[PDB]
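What follows is one structure encoded as structure tokens, with my remarks underneath.
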Amino acid sequence: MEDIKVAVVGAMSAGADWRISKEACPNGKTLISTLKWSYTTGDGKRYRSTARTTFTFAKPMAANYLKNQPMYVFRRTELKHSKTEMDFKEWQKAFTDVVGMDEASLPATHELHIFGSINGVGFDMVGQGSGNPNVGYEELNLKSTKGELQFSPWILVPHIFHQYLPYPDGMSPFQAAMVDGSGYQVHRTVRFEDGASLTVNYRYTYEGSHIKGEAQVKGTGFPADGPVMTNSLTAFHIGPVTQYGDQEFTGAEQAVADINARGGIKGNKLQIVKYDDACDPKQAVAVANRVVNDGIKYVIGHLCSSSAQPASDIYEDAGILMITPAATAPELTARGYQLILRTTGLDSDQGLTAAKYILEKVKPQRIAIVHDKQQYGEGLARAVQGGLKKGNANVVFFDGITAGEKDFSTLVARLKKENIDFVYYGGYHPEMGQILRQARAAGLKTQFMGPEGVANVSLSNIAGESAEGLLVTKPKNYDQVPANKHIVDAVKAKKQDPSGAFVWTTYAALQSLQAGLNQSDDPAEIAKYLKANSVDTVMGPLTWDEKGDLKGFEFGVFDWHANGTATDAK
Ligand SMILES: CC[C@H](C)[C@H](N)C(=O)O
Ligand SMILES: [Cl-]
């Protein structure tokens, strides 16, 4: 009665603050710990590692430890750093199962000497710390003795004292070995997704309640242009596509809960497996190869057009089904592929809907068209330009800006000088929000319009009152259909937001997969069944053409509001 795995591919997720270590003991003198650890770049990309840690005890562990395994340890860390100094904190909690709390002497002080090389670049750091062995807390300050670190200081986390960890009903085996005096040694091996590796070896001496630790490090095989050797690792920040990933995970989690509550697929439960492509082409190909090697046959997601297209090549070649709830560029479904479907519409249709609204209902005097030079935004800007030229509208200029720009002073001064009364922007909320708040600060009265990628609460968060009165194209308000009220209430009961279109397109993708899995487990048979039939969903009855596109899909025109809400424009 094994679970059916479904991959859900998000983008620039935060993820869990706590990470789980699994502890096992093959004999009385050895404890083995296994760990998955992903780092994040300043760019919002993931850098993936796995670790195996070996603890060697001089005297055998007490029988109670050997009878009670495996154990699970939840840990979280904080780092502030310069290029010469590190300030660190760690929290640790042990359990006999996978369910968190849900929301002579033991040690008091310690010192660390950590040294070695990364790609042959030498380092040496020393410093003092303290902690509480009753609750699993520790803190540490480290200073360089050899000047500036010429690699990311994050590569030395988590390596920078399990003598501070208690177990549920008494001392950990680490604490018992320190109190006895005979102690333990540690060896860790880390493997990275680019083929790099790092080893650490530890030795300790106990002077009463004070621990003296020594750690020797050797790292090799890091790419010269990678984030370790360029100092490009950071703590997680919200990024440009986080809003889109959060909507997809909200809709997938509620749909899988509802399906499983009704008995799953002929009694077998669905299990979500989460991945993250950062809407980046190289990360999308790395994710798709991992999904195939993990044995998964069904994928929901790859959200942006520039990441869904390279991923689709890998899934088609390997015989895997892919359903995107969000990618709208026509080229995805224009190449003869048989295993690719959507639960959203096409930018050829979205751009023509915008051009007809401008010609029929707005009738402006002087138009500018702006885009971000990416597949989605530049495609829409070209579709709108063609529609307006056919209607003989006055387009004064057509121009590109750079994605990630925060200073729009040149564009704002040009709109003021050239007396522009209407702008169409093709692109995402981060750039549109900066353009709106900088335009109103400088006294512009211009009417703005954009596509479904700007119609979200992150646009309102960035622009504030400057967002009021923006025109948008987007899918219908599915959250206002009475038949969908039970889903709206279940999402609001978790303090989550059911208003974004990608909640509904993602829920509908899981309902479409469910209908297929009731007929066959084989991806090619599922794609054939959906292309020949109608499926009832939260979006209404869905049908697909032979290339995997929705038949009769319509984008609406709405007024956007500063409170993150959309109303019918007419
Ligand atoms: C996340 C989807 C975005 C907004 C857009 N529709 C694209 O295809 O890139
Ligand atoms: Cl460990």
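For the structure tokens, the naming scheme is as follows: chains receive sequential letters (A, B, ...) according to their order of presentation, residues are indexed from 1 within each chain, and ligands are indexed from 1 in presentation order.
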
query = Near residue 120 in chain A, within 10 Å and counting only C-alpha atoms, which residues show up once chain neighbours fewer than 6 positions away are dropped, as a list in words?
reply = residues 218, 219 and 220 of chain A

Once you have the residues from the selection above, write them out as a short mmCIF file (atom, residue, chain, number, x, y, z; two decimals), in the first residue's frame, restricted to C-alpha atoms.
```cif
data_model
loop_
_atom_site.label_atom_id
_atom_site.label_comp_id
_atom_site.auth_asym_id
_atom_site.auth_seq_id
_atom_site.Cartn_x
_atom_site.Cartn_y
_atom_site.Cartn_z
CA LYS A 218 40.59 20.05 3.99
CA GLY A 219 38.26 21.11 1.08
CA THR A 220 39.02 20.36 -2.63
#
```

Exercise: residue 377 in chain A partners within 8 Å, only C-alpha atoms, chain neighbours under 5 positions left out, as a PyMOL selection string = chain A and resi 371-372+425-428

task = Name each residue within 9 Å of ligand 1, counting only C-alpha atoms and all ligand atoms, as number ranges by chain.
result = A: 241, 243-245, 279, 302-308, 325-329, 344-347, 374-377, 427-429, 451-454, 502

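Taking only C-alpha atoms, the non-local environment of range 469-476 of chain A within 6 Å (same-chain residues fewer than 5 positions away omitted) comprises residues 448, 449, 450, 451, 452, 555, 556, 557, 558, 559 and 560 of chain A.
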
Hey, can you spit out that residue selection with N, CA and C atoms as a compact mmCIF listing (two decimals), in the first residue's frame?
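Generated file (part_1.txt):
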```txt
# COMPACT_ATOMS: atom_id res chain seq x y z
N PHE A 448 -0.83 53.24 -15.62
CA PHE A 448 0.00 52.02 -15.89
C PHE A 448 -0.89 50.79 -16.10
N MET A 449 -0.37 49.80 -16.85
CA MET A 449 -1.00 48.47 -17.05
C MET A 449 0.08 47.38 -17.11
N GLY A 450 -0.19 46.20 -16.53
CA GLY A 450 0.70 45.03 -16.66
C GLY A 450 -0.04 43.70 -16.68
N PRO A 451 0.70 42.57 -16.87
CA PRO A 451 0.11 41.23 -17.02
C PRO A 451 -0.03 40.51 -15.67
N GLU A 452 -0.44 39.23 -15.68
CA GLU A 452 -0.79 38.52 -14.43
C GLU A 452 0.42 38.45 -13.50
N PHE A 555 -8.43 35.40 -20.20
CA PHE A 555 -7.91 36.38 -19.21
C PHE A 555 -8.93 37.53 -19.09
N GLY A 556 -9.23 37.97 -17.86
CA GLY A 556 -10.08 39.15 -17.58
C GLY A 556 -9.25 40.43 -17.41
N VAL A 557 -9.88 41.62 -17.47
CA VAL A 557 -9.23 42.93 -17.12
C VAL A 557 -9.78 43.44 -15.78
N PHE A 558 -8.90 43.81 -14.84
CA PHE A 558 -9.25 44.22 -13.45
C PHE A 558 -8.55 45.55 -13.07
N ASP A 559 -9.21 46.33 -12.19
CA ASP A 559 -8.57 47.38 -11.37
C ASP A 559 -7.86 46.74 -10.17
N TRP A 560 -6.56 47.00 -9.99
CA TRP A 560 -5.79 46.55 -8.79
C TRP A 560 -5.86 47.62 -7.69
```

request  = Could you give me the residues within range 341-477 of chain A that DSSP places in helix (DSSP H, G or I), as a count of residues only?
outcome  = 68

Hey, which residues sit close to ligand 2? Say within 8 Å, counting only C-alpha atoms and all ligand atoms, and write them as an mmCIF file with N, CA and C atoms, in the first residue's frame.
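Output (out_33.cif):
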```cif
data_model
loop_
_atom_site.group_PDB
_atom_site.id
_atom_site.type_symbol
_atom_site.label_atom_id
_atom_site.label_comp_id
_atom_site.auth_asym_id
_atom_site.auth_seq_id
_atom_site.Cartn_x
_atom_site.Cartn_y
_atom_site.Cartn_z
ATOM 1 N N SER A 21 19.036 15.557 11.721
ATOM 2 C CA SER A 21 20.138 14.554 11.676
ATOM 3 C C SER A 21 19.564 13.193 12.130
ATOM 4 N N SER A 33 25.961 9.621 12.154
ATOM 5 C CA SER A 33 24.930 10.671 11.913
ATOM 6 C C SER A 33 24.881 11.037 10.421
ATOM 7 N N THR A 34 23.687 11.089 9.813
ATOM 8 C CA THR A 34 23.507 11.477 8.391
ATOM 9 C C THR A 34 22.635 12.749 8.265
ATOM 10 N N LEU A 35 22.992 13.635 7.331
ATOM 11 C CA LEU A 35 22.464 15.033 7.216
ATOM 12 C C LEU A 35 22.392 15.456 5.741
ATOM 13 N N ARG A 52 28.185 12.725 6.238
ATOM 14 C CA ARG A 52 28.241 11.519 7.091
ATOM 15 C C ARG A 52 29.278 11.806 8.173
ATOM 16 N N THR A 53 28.841 11.755 9.426
ATOM 17 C CA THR A 53 29.686 12.021 10.622
ATOM 18 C C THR A 53 29.861 10.728 11.433
ATOM 19 N N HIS A 162 28.934 18.649 20.602
ATOM 20 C CA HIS A 162 27.721 17.874 20.983
ATOM 21 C C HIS A 162 27.712 17.553 22.488
ATOM 22 N N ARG A 188 34.141 13.934 9.925
ATOM 23 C CA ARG A 188 32.998 14.280 9.019
ATOM 24 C C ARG A 188 33.483 14.326 7.560
#
```

key: Spatial neighbours of range 485-495 of chain A, max dist 8 Å, only C-alpha atoms, sep filter under 6 positions, as number ranges by chain   = A: 250, 254, 479

Write out as a PDB file with C-alpha atoms, in the first residue's frame each polymer residue whose atoms come within 7 Å of residue 421 in chain A, counting only C-alpha atoms; drop sequence neighbours fewer than 2 positions from it.
```pdb
ATOM      1  CA  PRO A 364      -4.887  57.266 -24.370  1.00  0.00           C
ATOM      2  CA  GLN A 365      -3.059  60.072 -26.331  1.00  0.00           C
ATOM      3  CA  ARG A 366       0.711  59.186 -25.877  1.00  0.00           C
ATOM      4  CA  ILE A 367       1.808  55.505 -25.139  1.00  0.00           C
ATOM      5  CA  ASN A 419       4.362  63.905 -21.512  1.00  0.00           C
ATOM      6  CA  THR A 446       0.481  58.372 -15.945  1.00  0.00           C
ATOM      7  CA  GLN A 447      -1.960  55.367 -16.139  1.00  0.00           C
TER       8      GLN A 447
END
```

Write out as a PDB file with N, CA, C and O atoms, in the first residue's frame which residues come within 12 Å of range 170-172 of chain A when counting only C-alpha atoms, dropping same-chain ones fewer than 6 positions away.
```
ATOM      1  N   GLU A  23      20.592   9.595  13.746  1.00  0.00           N
ATOM      2  CA  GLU A  23      21.680   8.937  14.529  1.00  0.00           C
ATOM      3  C   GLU A  23      21.403   7.419  14.659  1.00  0.00           C
ATOM      4  O   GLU A  23      20.288   7.024  15.075  1.00  0.00           O
ATOM      5  N   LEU A  31      28.946   5.721  16.713  1.00  0.00           N
ATOM      6  CA  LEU A  31      27.664   6.397  16.351  1.00  0.00           C
ATOM      7  C   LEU A  31      27.878   7.075  14.990  1.00  0.00           C
ATOM      8  O   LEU A  31      28.947   7.742  14.790  1.00  0.00           O
ATOM      9  N   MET A  61      29.489   2.413  24.687  1.00  0.00           N
ATOM     10  CA  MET A  61      28.264   3.149  25.112  1.00  0.00           C
ATOM     11  C   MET A  61      27.401   2.215  25.978  1.00  0.00           C
ATOM     12  O   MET A  61      27.358   0.975  25.715  1.00  0.00           O
ATOM     13  N   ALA A  62      26.684   2.788  26.942  1.00  0.00           N
ATOM     14  CA  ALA A  62      25.730   2.047  27.802  1.00  0.00           C
ATOM     15  C   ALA A  62      24.661   1.354  26.939  1.00  0.00           C
ATOM     16  O   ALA A  62      24.241   1.901  25.899  1.00  0.00           O
ATOM     17  N   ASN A  64      21.430   0.960  27.112  1.00  0.00           N
ATOM     18  CA  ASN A  64      20.195   1.753  26.853  1.00  0.00           C
ATOM     19  C   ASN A  64      20.297   2.508  25.522  1.00  0.00           C
ATOM     20  O   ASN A  64      19.279   2.545  24.797  1.00  0.00           O
ATOM     21  N   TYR A  65      21.455   3.098  25.204  1.00  0.00           N
ATOM     22  CA  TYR A  65      21.630   3.878  23.948  1.00  0.00           C
ATOM     23  C   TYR A  65      21.447   2.939  22.745  1.00  0.00           C
ATOM     24  O   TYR A  65      20.735   3.280  21.793  1.00  0.00           O
ATOM     25  N   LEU A  66      22.036   1.740  22.795  1.00  0.00           N
ATOM     26  CA  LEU A  66      22.030   0.779  21.660  1.00  0.00           C
ATOM     27  C   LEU A  66      20.620   0.221  21.407  1.00  0.00           C
ATOM     28  O   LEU A  66      20.310  -0.091  20.245  1.00  0.00           O
ATOM     29  N   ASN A  68      17.722   1.858  21.930  1.00  0.00           N
ATOM     30  CA  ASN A  68      16.801   2.961  21.558  1.00  0.00           C
ATOM     31  C   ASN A  68      17.352   3.699  20.334  1.00  0.00           C
ATOM     32  O   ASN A  68      17.938   4.785  20.502  1.00  0.00           O
ATOM     33  N   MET A  71      17.723   7.653  16.644  1.00  0.00           N
ATOM     34  CA  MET A  71      17.358   8.962  17.270  1.00  0.00           C
ATOM     35  C   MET A  71      17.380  10.050  16.193  1.00  0.00           C
ATOM     36  O   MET A  71      18.112   9.920  15.197  1.00  0.00           O
ATOM     37  N   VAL A  73      17.797  14.282  15.667  1.00  0.00           N
ATOM     38  CA  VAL A  73      18.185  15.574  16.301  1.00  0.00           C
ATOM     39  C   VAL A  73      17.831  16.727  15.359  1.00  0.00           C
ATOM     40  O   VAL A  73      18.365  16.781  14.256  1.00  0.00           O
ATOM     41  N   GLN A  92      19.685  22.913  19.672  1.00  0.00           N
ATOM     42  CA  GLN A  92      19.636  21.452  19.357  1.00  0.00           C
ATOM     43  C   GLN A  92      18.579  20.770  20.235  1.00  0.00           C
ATOM     44  O   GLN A  92      18.534  21.104  21.457  1.00  0.00           O
ATOM     45  N   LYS A  93      17.761  19.884  19.655  1.00  0.00           N
ATOM     46  CA  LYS A  93      16.722  19.101  20.388  1.00  0.00           C
ATOM     47  C   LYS A  93      16.613  17.684  19.832  1.00  0.00           C
ATOM     48  O   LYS A  93      16.298  17.537  18.620  1.00  0.00           O
ATOM     49  N   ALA A  94      16.740  16.674  20.706  1.00  0.00           N
ATOM     50  CA  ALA A  94      16.690  15.235  20.346  1.00  0.00           C
ATOM     51  C   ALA A  94      15.279  14.648  20.596  1.00  0.00           C
ATOM     52  O   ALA A  94      14.686  14.991  21.657  1.00  0.00           O
ATOM     53  N   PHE A  95      14.809  13.756  19.711  1.00  0.00           N
ATOM     54  CA  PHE A  95      13.531  12.989  19.840  1.00  0.00           C
ATOM     55  C   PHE A  95      13.708  11.524  19.405  1.00  0.00           C
ATOM     56  O   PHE A  95      14.579  11.234  18.558  1.00  0.00           O
ATOM     57  N   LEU A 106      29.679  18.553  33.650  1.00  0.00           N
ATOM     58  CA  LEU A 106      29.128  18.919  32.315  1.00  0.00           C
ATOM     59  C   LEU A 106      29.728  20.274  31.907  1.00  0.00           C
ATOM     60  O   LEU A 106      30.226  21.023  32.757  1.00  0.00           O
ATOM     61  N   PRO A 133      24.108  22.964  28.770  1.00  0.00           N
ATOM     62  CA  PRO A 133      23.953  21.541  28.432  1.00  0.00           C
ATOM     63  C   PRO A 133      22.635  20.887  28.878  1.00  0.00           C
ATOM     64  O   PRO A 133      22.349  19.741  28.484  1.00  0.00           O
ATOM     65  N   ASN A 134      21.820  21.652  29.615  1.00  0.00           N
ATOM     66  CA  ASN A 134      20.465  21.228  30.036  1.00  0.00           C
ATOM     67  C   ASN A 134      19.469  21.467  28.897  1.00  0.00           C
ATOM     68  O   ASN A 134      18.417  20.850  28.957  1.00  0.00           O
ATOM     69  N   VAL A 135      19.742  22.361  27.939  1.00  0.00           N
ATOM     70  CA  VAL A 135      18.750  22.722  26.872  1.00  0.00           C
ATOM     71  C   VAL A 135      19.325  22.662  25.447  1.00  0.00           C
ATOM     72  O   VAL A 135      18.538  22.929  24.491  1.00  0.00           O
ATOM     73  N   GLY A 136      20.624  22.401  25.257  1.00  0.00           N
ATOM     74  CA  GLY A 136      21.208  22.266  23.903  1.00  0.00           C
ATOM     75  C   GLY A 136      21.525  23.609  23.226  1.00  0.00           C
ATOM     76  O   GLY A 136      21.436  23.687  21.982  1.00  0.00           O
ATOM     77  N   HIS A 162      28.934  18.649  20.602  1.00  0.00           N
ATOM     78  CA  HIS A 162      27.721  17.874  20.983  1.00  0.00           C
ATOM     79  C   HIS A 162      27.712  17.553  22.488  1.00  0.00           C
ATOM     80  O   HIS A 162      26.720  16.971  22.966  1.00  0.00           O
ATOM     81  N   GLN A 163      28.745  17.928  23.242  1.00  0.00           N
ATOM     82  CA  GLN A 163      28.730  17.849  24.734  1.00  0.00           C
ATOM     83  C   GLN A 163      27.638  18.782  25.315  1.00  0.00           C
ATOM     84  O   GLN A 163      27.246  18.580  26.522  1.00  0.00           O
ATOM     85  N   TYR A 164      27.122  19.747  24.536  1.00  0.00           N
ATOM     86  CA  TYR A 164      26.006  20.641  24.982  1.00  0.00           C
ATOM     87  C   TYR A 164      24.621  20.004  24.691  1.00  0.00           C
ATOM     88  O   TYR A 164      23.601  20.609  25.153  1.00  0.00           O
ATOM     89  N   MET A 178      32.135  12.429  28.096  1.00  0.00           N
ATOM     90  CA  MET A 178      32.857  13.589  28.709  1.00  0.00           C
ATOM     91  C   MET A 178      32.908  13.447  30.242  1.00  0.00           C
ATOM     92  O   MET A 178      34.034  13.596  30.866  1.00  0.00           O
ATOM     93  N   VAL A 179      31.775  13.105  30.864  1.00  0.00           N
ATOM     94  CA  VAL A 179      31.676  12.974  32.349  1.00  0.00           C
ATOM     95  C   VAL A 179      32.567  11.802  32.811  1.00  0.00           C
ATOM     96  O   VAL A 179      33.223  11.951  33.881  1.00  0.00           O
ATOM     97  N   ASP A 180      32.610  10.693  32.069  1.00  0.00           N
ATOM     98  CA  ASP A 180      33.466   9.506  32.386  1.00  0.00           C
ATOM     99  C   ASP A 180      34.954   9.900  32.303  1.00  0.00           C
ATOM    100  O   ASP A 180      35.785   9.325  33.054  1.00  0.00           O
TER     101      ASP A 180
END
```

task = From range 257-303 of chain A, collect each residue whose DSSP state is strand (DSSP E) and return the set as a ChimeraX atom specification.
result = /A:270-276,298-301

request  = Can you pull out every residue within 10 Å of residue 213 in chain A, counting only C-alpha atoms, but drop anything in the same chain fewer than 5 positions away, and send it as a ChimeraX atom specification?
outcome  = /A:110-114,160-161,202-206

request  = Please indicate the distance in Å from CA of residue 548 in chain A to CA of residue 290 in chain A, rounded to one decimal place.
outcome  = 24.3 Å

key: Nearest-residue call for residue 331 in chain A, choices A:547, A:292, A:259, A:193, using only C-alpha atoms   = A:547
